[PDB]
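A.B. asks: Enclosed is the structure file coords07.txt (compact mmCIF, C-alpha atoms).
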# COMPACT_ATOMS: atom_id res chain seq x y z
CA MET A 1 -119.85 -155.62 35.68
CA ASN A 2 -121.96 -155.61 32.44
CA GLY A 3 -119.72 -158.58 31.71
CA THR A 4 -117.14 -159.61 34.36
CA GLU A 5 -114.83 -162.52 33.32
CA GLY A 6 -113.55 -162.45 37.01
CA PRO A 7 -112.59 -166.15 37.60
CA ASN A 8 -111.32 -167.00 34.12
CA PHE A 9 -108.22 -166.78 31.86
CA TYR A 10 -105.22 -166.57 34.20
CA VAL A 11 -106.62 -163.48 35.98
CA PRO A 12 -108.75 -161.61 33.36
CA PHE A 13 -106.22 -158.77 33.11
CA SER A 14 -104.24 -161.27 31.00
CA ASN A 15 -106.47 -161.10 27.86
CA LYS A 16 -108.56 -158.09 26.81
CA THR A 17 -106.56 -155.27 28.50
CA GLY A 18 -104.48 -154.62 25.36
CA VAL A 19 -107.67 -154.77 23.27
CA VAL A 20 -110.21 -152.66 25.20
CA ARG A 21 -108.05 -150.63 27.63
CA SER A 22 -104.84 -150.45 25.58
CA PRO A 23 -102.87 -147.46 27.07
CA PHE A 24 -103.14 -149.00 29.74
CA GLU A 25 -104.70 -146.94 32.58
CA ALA A 26 -106.94 -149.48 34.33
CA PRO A 27 -104.20 -151.82 35.72
CA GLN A 28 -102.81 -148.99 37.88
CA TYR A 29 -106.24 -148.25 39.42
CA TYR A 30 -108.49 -151.34 39.46
CA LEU A 31 -107.38 -154.87 38.51
CA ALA A 32 -111.02 -156.08 38.74
CA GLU A 33 -113.34 -156.13 35.67
CA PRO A 34 -113.16 -152.56 34.17
CA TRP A 35 -111.97 -153.71 30.71
CA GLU A 36 -114.46 -156.55 30.18
CA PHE A 37 -117.59 -154.64 29.06
CA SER A 38 -117.89 -152.78 32.42
CA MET A 39 -115.98 -149.71 31.07
CA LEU A 40 -116.46 -148.28 34.54
Output the file's structure as structure tokens, nothing else.
C.D. replies:
Amino acid sequence: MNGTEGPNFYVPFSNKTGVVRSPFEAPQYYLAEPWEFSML
């Protein structure tokens, strides 16, 4: 959480992945809200 984005922008993977979680690691593990301010 912290943020979430959850509902929005074409599944919120679509936007700030490249920005915040560039490599990217998170998509393989948890397509939820890890990138959007959560960090966890």
A.B. asks: By how many Å are atom CA of residue A:1 and atom CA of residue A:30 apart?
C.D. replies: 12.7 Å
A.B. asks: Select, from A:2, A:15, A:22, A:8, the residue with the minimum atom-to-atom distance to residue A:39, counting all atoms listed in the file.
C.D. replies: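 Ranking A:2, A:15, A:22, A:8 by distance to residue A:39, first place goes to A:2.
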A.B. asks: Can you pull out the residues contacting residue A:3? Cut-off 7 Å, using only C-alpha atoms, and skip same-chain residues under 2 positions away; I want them as a PyMOL selection string.
C.D. replies: chain A and resi 1+5+36-38
A.B. asks: What does the distance between atom CA of residue A:23 and atom CA of residue A:11 come to in Å, to one decimal place?
C.D. replies: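 A separation of 18.7 Å between them.
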A.B. asks: Please rebuild stretch 6-27 of chain A with N, CA and C atoms and give the result as a compact mmCIF listing (two decimals), keeping the file's coordinate frame.
C.D. replies:
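Final output, rebuild-v2.txt:
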# COMPACT_ATOMS: atom_id res chain seq x y z
N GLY A 6 -114.10 -162.20 35.68
CA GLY A 6 -113.55 -162.45 37.01
C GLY A 6 -112.71 -163.73 37.19
N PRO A 7 -113.32 -164.91 37.34
CA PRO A 7 -112.59 -166.15 37.60
C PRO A 7 -111.59 -166.55 36.52
N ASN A 8 -111.90 -166.27 35.25
CA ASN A 8 -111.32 -167.00 34.12
C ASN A 8 -109.94 -166.48 33.67
N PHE A 9 -109.41 -167.14 32.63
CA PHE A 9 -108.22 -166.78 31.86
C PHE A 9 -107.12 -166.11 32.69
N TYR A 10 -106.49 -166.89 33.57
CA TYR A 10 -105.22 -166.57 34.20
C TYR A 10 -105.21 -165.16 34.81
N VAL A 11 -106.30 -164.82 35.51
CA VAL A 11 -106.62 -163.48 35.98
C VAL A 11 -106.97 -162.60 34.77
N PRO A 12 -108.23 -162.16 34.61
CA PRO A 12 -108.75 -161.61 33.36
C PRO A 12 -108.19 -160.25 32.94
N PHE A 13 -107.16 -159.75 33.63
CA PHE A 13 -106.22 -158.77 33.11
C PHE A 13 -105.53 -159.33 31.86
N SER A 14 -105.14 -160.61 31.93
CA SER A 14 -104.24 -161.27 31.00
C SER A 14 -104.65 -161.12 29.52
N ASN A 15 -105.96 -161.17 29.22
CA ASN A 15 -106.47 -161.10 27.86
C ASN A 15 -106.80 -159.66 27.42
N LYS A 16 -108.03 -159.18 27.63
CA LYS A 16 -108.56 -158.09 26.81
C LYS A 16 -108.12 -156.68 27.23
N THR A 17 -107.13 -156.56 28.11
CA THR A 17 -106.56 -155.27 28.50
C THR A 17 -106.06 -154.55 27.25
N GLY A 18 -105.07 -155.14 26.59
CA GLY A 18 -104.48 -154.62 25.36
C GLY A 18 -105.54 -154.21 24.35
N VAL A 19 -106.59 -155.02 24.22
CA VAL A 19 -107.67 -154.77 23.27
C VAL A 19 -108.49 -153.55 23.70
N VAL A 20 -109.16 -153.62 24.85
CA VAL A 20 -110.21 -152.66 25.20
C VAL A 20 -109.63 -151.44 25.92
N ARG A 21 -108.62 -151.65 26.77
CA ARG A 21 -108.05 -150.63 27.63
C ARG A 21 -106.54 -150.59 27.38
N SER A 22 -106.18 -150.33 26.12
CA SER A 22 -104.84 -150.45 25.58
C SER A 22 -103.73 -149.66 26.30
N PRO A 23 -103.94 -148.38 26.68
CA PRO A 23 -102.87 -147.46 27.07
C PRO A 23 -101.70 -148.01 27.90
N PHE A 24 -101.90 -148.66 29.06
CA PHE A 24 -103.14 -149.00 29.74
C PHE A 24 -103.24 -148.18 31.03
N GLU A 25 -104.44 -147.71 31.37
CA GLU A 25 -104.70 -146.94 32.58
C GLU A 25 -105.18 -147.88 33.69
N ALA A 26 -106.18 -148.70 33.37
CA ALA A 26 -106.94 -149.48 34.33
C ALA A 26 -106.08 -150.29 35.31
N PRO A 27 -105.05 -151.03 34.85
CA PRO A 27 -104.20 -151.82 35.72
C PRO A 27 -103.64 -151.06 36.92
